[PDB]
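An overview of the molecular structure
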Amino acid sequence: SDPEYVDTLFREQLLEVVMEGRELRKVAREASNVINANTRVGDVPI
Amino acid sequence: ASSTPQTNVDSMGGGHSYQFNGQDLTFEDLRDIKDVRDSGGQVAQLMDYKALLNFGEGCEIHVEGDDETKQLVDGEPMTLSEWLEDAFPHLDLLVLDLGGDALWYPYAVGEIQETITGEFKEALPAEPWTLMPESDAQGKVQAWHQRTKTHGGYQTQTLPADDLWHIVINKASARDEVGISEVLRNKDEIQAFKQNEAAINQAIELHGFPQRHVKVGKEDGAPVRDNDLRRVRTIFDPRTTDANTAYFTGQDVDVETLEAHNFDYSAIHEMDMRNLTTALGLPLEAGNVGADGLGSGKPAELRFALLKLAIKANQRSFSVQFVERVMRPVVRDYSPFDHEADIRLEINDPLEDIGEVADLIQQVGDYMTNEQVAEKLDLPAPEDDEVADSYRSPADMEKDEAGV
Amino acid sequence: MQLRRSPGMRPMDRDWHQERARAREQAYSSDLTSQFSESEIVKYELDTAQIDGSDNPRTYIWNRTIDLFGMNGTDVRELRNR
Ligand SMILES: [Mg+2]
Ligand SMILES: [Mg+2]
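Residues numbered from 1 in each chain as written, not as in the entry; some residues may be left out. Chains lettered and ligands numbered in written order. Part of a larger assembly, values for the part shown. Heavy atoms only, no water.

Its PDB header names cryo-EM as the technique used to obtain the model and reports a resolution of 2.680 Å.

Below you can see the structure in the form of structure tokens.
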């Protein structure tokens, strides 16, 4: 690494954050029966 | 006279911010100190050395008339010193943490905590950059305002001065109970050091090393364009050149050199380190820089005396407040002993030479009780009071008793 | 794939911030063509920086020809009534 700009003390530095985008709701692992399969194809008997 | 102060003090107004709290500094200034501490490099290390000199050698608890305090605490005898040593078992660590914090920040600050059963647990330090005091017109702290990071952003709360305690090493005046950050006080000196260090580092990159300058074409001759230079660049490329590469050319190619352009970066480094160490009150020798002439004789005696004096002043300032505002309340509230007893907390001298003390004991031991010798030598006093209190050596008393 | 010059990456480049800060500090007007290279205007998206000379300290520092009173080098935005 070789940064072109140094950072000074007492937070006189550049504003150094990123604002997040929209985040979607994640539930499928909780809201369904999860099978951790041994094979990429397979069968559930009914 | 009078039972209350009748002189006023410079006070509040929030340094002329608004919705007034603290005195002349904010949670942002506190977090600026936090960054100088956590950001590492030479500045952080120097202030860490300052903490280690003032507080790193550990402590000893004293009580005057400790023998008079002998009491059954839980069907078992203790003195007040013995109770305090059991109440504060890891005091060497706590002293270094609080003392270090009180050099960085305006104050060290913390709680007293109890076991579930309601006996004393510990004095618990709080994160000093999270807390600021609210004070009344007499200058004393009445409440503490806190804010802290959480997953949901900042959380804020206010606490009474009743159950917190705090310690200030760097007072503005003897009546100041808010204190000064030595880091904010020296902000310009610290920033000047950082700027000059960055300047030297970049100057070494540009000027500390030679660079190859190939000039192409005859002077006042045919011009050479960028695409033409790209073919020449391919030949003299430092990527593919090696130490003993040799070059063959026509007369109209010149391998010039930008020489390394001498400047005394060592002298600028020594100047920077002198400025910073003097500003932080450290000796220059702490910065891995040595001055000429100052390393010997009375010039050394003076600077190392000044350092030891500064340490003793910080140590006593800390010791007095720790006894008065942490120990005495704990003795009062959780101990069967008298809280008005003459408790003391000495903090060890970091630059004491036991080889020098040994010479002193040989020269003038004839005037010291065995307890005084054991204290200077940093050992337990003898288990038998008559030999502890006597002046001649315990080994000399033993070899004489062996003659009886 | 993204490169440091690619349009969606510019806000992550420290240098894009630092050079836009420079451009605001060195300008005297919103007239970029006079004051900067075509390369700088493109590389740093200077059309979108609020360049107008209001952030240049020399807009506010006094620089009179004759200086009997030590007035030169004073900055109006540092006075009592500013
Ligand atoms: Mg199948
Ligand atoms: Mg021609």
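Taken as a whole, this structure holds 20 salt bridges over all chains when the rule is applied. As a salt-bridge pair, B:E324 and B:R328 come within 2.8 Å of each other at their nearest N and O atoms. Of the two residues, B:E324 and B:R328 both sit in helix α9 (residues 297-334), four residues apart, roughly one turn of that helix. One salt bridge connects B:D333 with B:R332, and the closest N-O pair in it is separated by 2.8 Å. Residue classification places B:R332 among the partly exposed residues on the basis of a relative accessible area of 47%. Each of the salt bridges in this network shares a partner with another, and the network as a whole consists of A:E4, C:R4, C:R10, C:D13 and C:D15. (Salt bridge = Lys/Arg side-chain N within 4 Å of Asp/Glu carboxyl O. Helix = DSSP H or I, 4+ residues; strand = E, 2+ residues; numbered from the N terminus. Buried < 20%, exposed > 50% of the residue type's maximum accessible area, 1.4 Å probe, protein only.)

Before going further, it helps to examine the pairing of strand β8 (residues 153-160) of chain B. Side-chain positions along a regular strand alternate between the two faces of the sheet. All names here are of chain B. As judged from the eight bridges shared by strand β7 (residues 141-150) and β8, these two strands associate in the antiparallel manner. When the sheet's bridge partners are listed, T148 is paired in β8 with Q155. Where β7 folds back on β8, the antiparallel hairpin that results is connected by two residues. (Pairing = 2+ DSSP bridges.)

Ranked by contact count, the leading pair among the two pairs of chains in contact consists of chains A and B. Chain B shows no contact with chain C. Their nearest C-alpha atoms sit 15 Å apart. (Contact = heavy atoms within 4.5 Å.)

So, about the interface of chain B and chain A. The interface is formed by 14 residues belonging to chain B together with seven residues belonging to chain A. Of the roughly 960 Å² buried between chain B and chain A, counting both surfaces, carbon and sulfur atoms make up 61%. It is B:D32, B:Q191 and B:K194 in chain B that bury the most area against chain A; as a group they hold 43% of the surface buried on that side. Run the count over chain B and chain A and you get two salt bridges. Residue B:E28 pairs with A:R11 through a salt bridge whose shortest N-O separation is 2.6 Å. The interface formed by chain B and chain A holds three residue pairs in polar contact in total. Put simply, the parts of the chain that give the side of chain B that touches chain A at least two residues each are α1 (27-38), α5 (182-185) and α6 (187-207) of chain B. Per-element tally for the side of chain B that touches chain A: the top contributor is α6(B), with six residues. Looking at side-chain class alone, the side of chain B that touches chain A contains five nonpolar, two polar and seven charged residues. (Buried area = accessible area lost by both parts, 1.4 Å probe. Polar contact = N/O pair within 3.5 Å; in protein donor to acceptor, adjacent residues only side chain to side chain. Nonpolar A, V, L, I, M, F, W, Y, C, P; charged D, E, K, R; others polar.)

All names here are of chain B. Pairing is antiparallel across the open sheet formed by three strands, whose spatial order is β5-β4-β9. Whereas interior strands pair on both sides, the edge strands pair on one side only; in this sheet they are β5 (120-125) and β9 (164-167). For this sheet the average axis-to-axis angle between neighbouring strands, irrespective of direction, equals 25°. (Axes fitted to C-alpha atoms, helices over the stretch in contact; angles between N-to-C directions.)

This part is about the interface of chain C and chain A. Counting residues at the interface gives seven residues for chain C and five residues for chain A. Across the chain C/chain A interface, buried area totals approximately 640 Å², and carbon plus sulfur atoms make up 54% of it. Inspection of the chain C/chain A interface yields two salt bridges. Where C:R14 meets A:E16, a salt bridge forms, and the shortest distance between an N and an O atom there is 2.7 Å. Where chain C touches chain A, the interface holds three residue pairs in polar contact. For the side of chain C that touches chain A, the class distribution of residues is one nonpolar, two polar and four charged.

Further remarks concern the pairing of β5(B). Residues and elements named next belong to chain B. The sheet contact formed by strand β4 (residues 108-114) and β5 spans five bridges and is antiparallel. Its bridge partner being in β5, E114 is matched across the sheet by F120. Following β4, the chain reverses through five residues before pairing antiparallel with β5; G118 in that reversal takes a positive phi of roughly 95°.

Residues and elements named next belong to chain C. Within the secondary structure, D13 is located in the segment before α1 (14-26). In this structure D13 comes out as buried when scored by relative accessible area, which is 9%. A polar contact is formed between the side chain of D13 and the side chain of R10, at a distance of 2.7 Å.

All names here are of chain C. Taking 1.5 Å per residue as the helical rise, α1 with its 13 residues ought to reach 18 Å, and the 18 Å between its terminal C-alpha atoms agrees with that figure. What α1 keeps buried is the set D15, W16, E19, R20, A21 and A23. Looking at the packing, one finds that the buried side of α1 touches α3 (38-43). Structurally, the start of α1 carries an N-cap: the backbone nitrogen of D15 is 2.9 Å from a side-chain oxygen of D13. (Expected span 1.5 Å × (residues − 1).)

What follows deals with the nonpolar core. Ranked by internal contacts, the top residues of the largest apolar core, which has 70 residues, are B:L84, B:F88, B:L91, B:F318, B:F322 and B:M327. Ranked by residues supplied to this core, first place goes to α9(B) with nine residues. Every residue in contact with B:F318, bar those within four places of it in the chain, is listed here: B:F55, B:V95, B:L98, B:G99, B:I167, B:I169 and B:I347. If you look at the next biggest cluster of nonpolar residues, it comprises nine residues, including C:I41, C:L46, C:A49 and C:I51. (Core = buried A, V, L, I, M, F, W, Y, C linked by side-chain atoms within 4.5 Å.)

Here we come to the packing of α1(B) against helix α4 (residues 91-104) of chain B. Residue and element names in this part refer to chain B. Here α1 crosses α4 at 115°, and the two axes come no closer than 11 Å. Handedness of the crossing formed by α1 with α4: right-handed. For the pair α1 and α4, contact is made by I33, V36 and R37 and by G100, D101 and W104, respectively. Across the contact of α1 with α4, the residue classes tally to three nonpolar, one polar and two charged. (Left-handed = near helix turned anticlockwise from the far one by under 90°.)

This part covers α4(B). At 3.6 residues per turn, the α-helix brings residues three or four places apart onto the same side. All names here are of chain B. In a regular helix each residue adds 1.5 Å, so 14 residues correspond to 20 Å; α4 covers 20 Å between its end C-alpha atoms and thus fits that length. Of all the 14 residues making up α4, ten are buried; the element is thus mostly covered by neighbouring parts of the structure. Within the sequence span of α4, burial applies to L91, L94, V95, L98, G99, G100, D101, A102, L103 and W104.

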